[PDB]
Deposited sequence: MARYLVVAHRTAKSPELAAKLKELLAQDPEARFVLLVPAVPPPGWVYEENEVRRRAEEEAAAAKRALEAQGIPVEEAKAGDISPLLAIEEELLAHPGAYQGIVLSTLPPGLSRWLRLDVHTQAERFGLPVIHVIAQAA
């Protein structure tokens, strides 16, 4: 029904678009919410941090839309994809039927190095992993 699409740098990637196009093909009614892990924690030096994160999320949304994908909403979340997912699910329980986790390729992906692809299963939702 509604998918939580977790992506930032891979928002412009053909592979992500292709998977979402596959999900549209099996379900024309499918809705995609882009969750952009971009918010760093508070620091000593720098609202401004959130504003910058919001800008990254909007830029991500536009990149995914330009690929022919309808995007219901883009949200900036914690810079940890695992923390971002946990916190989005807490904020909106029952909104999402699946997670689409979009990563850079092994060898380049920070999230893969952090084992996000397997740890994302602990939440209890189906996880579709896309390599971009």
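Residues of the deposited sequence lacking C-alpha coordinates, counted from 1, fall in the stretches 1, 48-49, 136-138.
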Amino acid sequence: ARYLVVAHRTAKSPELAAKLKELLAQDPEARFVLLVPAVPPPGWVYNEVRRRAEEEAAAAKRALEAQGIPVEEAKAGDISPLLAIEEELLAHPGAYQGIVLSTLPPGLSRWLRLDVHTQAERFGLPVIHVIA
From here on, numbers count along this sequence of modelled residues.
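The mean Cα B-factor in the deposited entry runs higher for 21-29 than for the other of 21-29 and 112-120. Of the two segments examined, 94-102 and 47-55, it is 47-55 that shows the higher average Cα temperature factor in the deposited entry. Listed residues 39, 82, 34, 66 were ranked by CA B-factor as deposited; 66 comes out on top. When the modelled residues of the chain are ordered by their C-alpha B factor, residue 5 lands in the lowest third.
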